[PDB]
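The file upload-v4.cif contains mmCIF, C-alpha atoms; chains and numbers go by the auth columns:
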data_target
loop_
_atom_site.group_PDB
_atom_site.id
_atom_site.type_symbol
_atom_site.label_atom_id
_atom_site.label_comp_id
_atom_site.label_asym_id
_atom_site.label_seq_id
_atom_site.Cartn_x
_atom_site.Cartn_y
_atom_site.Cartn_z
_atom_site.B_iso_or_equiv
_atom_site.auth_seq_id
_atom_site.auth_asym_id
ATOM 1 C CA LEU A 1 0.000 0.000 0.000 0.00 295 A
ATOM 2 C CA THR A 2 2.917 2.385 0.543 0.00 296 A
ATOM 3 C CA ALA A 3 4.163 1.677 -2.975 0.00 297 A
ATOM 4 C CA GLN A 4 0.676 2.165 -4.413 0.00 298 A
ATOM 5 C CA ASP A 5 0.277 5.390 -2.424 0.00 299 A
ATOM 6 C CA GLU A 6 3.520 6.738 -3.861 0.00 300 A
ATOM 7 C CA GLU A 7 2.358 5.818 -7.357 0.00 301 A
ATOM 8 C CA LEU A 8 -0.952 7.597 -6.825 0.00 302 A
ATOM 9 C CA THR A 9 0.765 10.693 -5.437 0.00 303 A
ATOM 10 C CA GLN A 10 3.003 10.939 -8.490 0.00 304 A
ATOM 11 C CA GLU A 11 0.110 10.279 -10.861 0.00 305 A
ATOM 12 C CA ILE A 12 -2.129 12.927 -9.309 0.00 306 A
ATOM 13 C CA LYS A 13 0.716 15.446 -9.378 0.00 307 A
ATOM 14 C CA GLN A 14 1.426 14.797 -13.055 0.00 308 A
ATOM 15 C CA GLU A 15 -2.269 14.900 -13.949 0.00 309 A
ATOM 16 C CA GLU A 16 -2.636 18.290 -12.280 0.00 310 A
ATOM 17 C CA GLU A 17 0.428 19.524 -14.158 0.00 311 A
ATOM 18 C CA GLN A 18 -1.064 18.334 -17.449 0.00 312 A
ATOM 19 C CA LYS A 19 -4.375 19.953 -16.523 0.00 313 A
ATOM 20 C CA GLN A 20 -2.555 23.257 -16.099 0.00 314 A
ATOM 21 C CA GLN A 21 -0.749 22.710 -19.408 0.00 315 A
ATOM 22 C CA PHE A 22 -4.075 22.177 -21.168 0.00 316 A
ATOM 23 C CA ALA A 23 -5.513 25.238 -19.435 0.00 317 A
ATOM 24 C CA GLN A 24 -2.616 27.366 -20.688 0.00 318 A
ATOM 25 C CA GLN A 25 -2.990 26.035 -24.222 0.00 319 A
ATOM 26 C CA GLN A 26 -6.752 26.593 -24.142 0.00 320 A
ATOM 27 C CA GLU A 27 -6.400 30.180 -22.945 0.00 321 A
ATOM 28 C CA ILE A 28 -3.778 30.985 -25.574 0.00 322 A
ATOM 29 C CA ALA A 29 -5.968 29.372 -28.234 0.00 323 A
ATOM 30 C CA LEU A 30 -8.900 31.561 -27.198 0.00 324 A
ATOM 31 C CA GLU A 31 -6.666 34.639 -27.316 0.00 325 A
ATOM 32 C CA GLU A 32 -5.403 33.744 -30.788 0.00 326 A
ATOM 33 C CA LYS A 33 -8.998 33.173 -31.893 0.00 327 A
ATOM 34 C CA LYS A 34 -9.821 36.669 -30.658 0.00 328 A
ATOM 35 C CA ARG A 35 -6.895 38.208 -32.532 0.00 329 A
ATOM 36 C CA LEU A 36 -7.785 36.256 -35.682 0.00 330 A
ATOM 37 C CA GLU A 37 -11.374 37.479 -35.403 0.00 331 A
ATOM 38 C CA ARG A 38 -11.440 41.262 -35.249 0.00 332 A
ATOM 39 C CA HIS A 39 -9.251 44.354 -35.586 0.00 333 A
ATOM 40 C CA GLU A 40 -6.245 42.309 -36.679 0.00 334 A
ATOM 41 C CA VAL A 41 -3.803 44.878 -38.082 0.00 335 A
ATOM 42 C CA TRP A 42 -3.818 47.592 -35.424 0.00 336 A
ATOM 43 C CA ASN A 43 -4.081 45.089 -32.575 0.00 337 A
ATOM 44 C CA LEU A 44 -1.141 43.094 -33.941 0.00 338 A
ATOM 45 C CA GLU A 45 1.043 46.180 -34.279 0.00 339 A
ATOM 46 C CA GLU A 46 0.042 47.675 -30.920 0.00 340 A
ATOM 47 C CA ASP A 47 0.190 44.614 -28.675 0.00 341 A
ATOM 48 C CA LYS A 48 3.696 43.378 -29.472 0.00 342 A
ATOM 49 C CA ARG A 49 5.312 46.369 -27.763 0.00 343 A
ATOM 50 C CA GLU B 1 6.517 32.214 3.818 0.00 883 B
ATOM 51 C CA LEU B 2 8.876 30.354 1.480 0.00 884 B
ATOM 52 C CA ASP B 3 6.015 28.306 0.053 0.00 885 B
ATOM 53 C CA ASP B 4 3.920 31.431 -0.532 0.00 886 B
ATOM 54 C CA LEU B 5 6.820 33.214 -2.231 0.00 887 B
ATOM 55 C CA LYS B 6 7.519 30.224 -4.466 0.00 888 B
ATOM 56 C CA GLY B 7 3.854 30.002 -5.424 0.00 889 B
ATOM 57 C CA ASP B 8 3.780 33.669 -6.383 0.00 890 B
ATOM 58 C CA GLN B 9 7.003 33.317 -8.368 0.00 891 B
ATOM 59 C CA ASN B 10 5.609 30.321 -10.246 0.00 892 B
ATOM 60 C CA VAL B 11 2.438 32.290 -11.006 0.00 893 B
ATOM 61 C CA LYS B 12 4.611 35.052 -12.446 0.00 894 B
ATOM 62 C CA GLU B 13 6.518 32.465 -14.479 0.00 895 B
ATOM 63 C CA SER B 14 3.277 31.038 -15.868 0.00 896 B
ATOM 64 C CA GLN B 15 2.108 34.513 -16.871 0.00 897 B
ATOM 65 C CA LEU B 16 5.511 35.134 -18.462 0.00 898 B
ATOM 66 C CA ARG B 17 5.182 31.946 -20.504 0.00 899 B
ATOM 67 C CA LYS B 18 1.692 33.037 -21.549 0.00 900 B
ATOM 68 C CA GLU B 19 2.968 36.443 -22.671 0.00 901 B
ATOM 69 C CA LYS B 20 5.822 34.837 -24.607 0.00 902 B
ATOM 70 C CA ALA B 21 3.315 32.584 -26.355 0.00 903 B
ATOM 71 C CA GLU B 22 1.107 35.572 -27.175 0.00 904 B
ATOM 72 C CA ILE B 23 4.086 37.434 -28.658 0.00 905 B
ATOM 73 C CA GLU B 24 4.746 34.348 -30.772 0.00 906 B
ATOM 74 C CA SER B 25 1.087 34.362 -31.831 0.00 907 B
ATOM 75 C CA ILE B 26 1.259 38.046 -32.777 0.00 908 B
ATOM 76 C CA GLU B 27 4.324 37.374 -34.917 0.00 909 B
ATOM 77 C CA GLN B 28 2.621 34.382 -36.542 0.00 910 B
ATOM 78 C CA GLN B 29 -0.520 36.376 -37.366 0.00 911 B
ATOM 79 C CA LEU B 30 1.600 39.219 -38.742 0.00 912 B
ATOM 80 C CA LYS B 31 3.385 36.730 -40.997 0.00 913 B
ATOM 81 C CA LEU B 32 0.227 34.895 -42.020 0.00 914 B
ATOM 82 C CA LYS B 33 -2.398 37.612 -42.415 0.00 915 B
ATOM 83 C CA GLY B 34 -4.439 36.905 -45.519 0.00 916 B
ATOM 84 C CA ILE B 35 -7.983 35.863 -46.225 0.00 917 B
ATOM 85 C CA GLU B 36 -7.076 32.283 -47.149 0.00 918 B
ATOM 86 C CA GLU B 37 -4.322 32.195 -44.527 0.00 919 B
ATOM 87 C CA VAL B 38 -6.691 33.649 -41.930 0.00 920 B
ATOM 88 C CA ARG B 39 -9.291 30.996 -42.751 0.00 921 B
ATOM 89 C CA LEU B 40 -6.745 28.184 -42.426 0.00 922 B
ATOM 90 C CA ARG B 41 -5.301 29.562 -39.192 0.00 923 B
ATOM 91 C CA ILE B 42 -8.777 30.013 -37.695 0.00 924 B
ATOM 92 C CA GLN B 43 -9.496 26.380 -38.540 0.00 925 B
ATOM 93 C CA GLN B 44 -6.196 25.297 -36.965 0.00 926 B
ATOM 94 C CA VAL B 45 -6.921 27.306 -33.814 0.00 927 B
ATOM 95 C CA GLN B 46 -10.403 25.793 -33.598 0.00 928 B
ATOM 96 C CA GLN B 47 -8.928 22.299 -33.884 0.00 929 B
ATOM 97 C CA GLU B 48 -6.355 23.093 -31.192 0.00 930 B
ATOM 98 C CA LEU B 49 -9.068 24.459 -28.903 0.00 931 B
#
Reformat the file's structure so that it appears as structure tokens.
Amino acid sequence: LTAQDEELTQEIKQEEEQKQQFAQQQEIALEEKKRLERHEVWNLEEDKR
Amino acid sequence: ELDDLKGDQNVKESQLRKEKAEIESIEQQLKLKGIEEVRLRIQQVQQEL
């Protein structure tokens, strides 16, 4: 049970890390969708700075 | 206190990664901008989302 507990601890940690990775990717995808949608030129030139 | 400071620093690092990714996205949209290119990139972003 100690070995299984260690395995579960590691697995839960990695799953939370992957959840955060997916959350980051999702947020950036939404942002890129926004920038692809409307006001592309001026927004692109303004934001980078 | 150390745990709180490390959590805040990691939050800042995550935001920094997000901003780097958004700069990359701005550069990519600047390179790509074009009605056909915009359509394809919107489709790609939808698939990624």
Write out as a PyMOL selection string which residues come within 8 Å of residue B:930 when counting only C-alpha atoms, dropping same-chain ones fewer than 4 positions away. (chain A and resi 320+323) or (chain B and resi 926)
The selected residues should be written to file as a compact mmCIF listing (two decimals), keeping the file's coordinate frame (atoms: C-alpha atoms).
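Output file out.txt follows:
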# COMPACT_ATOMS: atom_id res chain seq x y z
CA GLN A 320 -6.75 26.59 -24.14
CA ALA A 323 -5.97 29.37 -28.23
CA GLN B 926 -6.20 25.30 -36.97
Enumerate as a list in words the residues belonging to chain A that approach chain B to within 9 Å, with only C-alpha atoms taken into account.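 Every residue of chain A that passes the 9 Å test is in residues 318, 319, 320, 321, 322, 323, 324, 325, 326, 327, 329, 330, 331, 334, 335, 337, 338, 339, 341 and 342 of chain A.
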Can you tell me how far atom CA of residue A:328 sits from atom CA of residue A:315, in Å to one decimal?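 We find that atom CA of residue A:328 and atom CA of residue A:315 lie 20.1 Å from each other.
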Could you work out how far atom CA of residue A:307 lies from atom CA of residue B:885, giving the answer in Å with one decimal?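 The value is 16.8 Å.
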Quick check, in Å to one decimal: how far apart do atom CA of residue A:301 and atom CA of residue A:314 lie?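 Distance reported for this atom pair: 20.1 Å.
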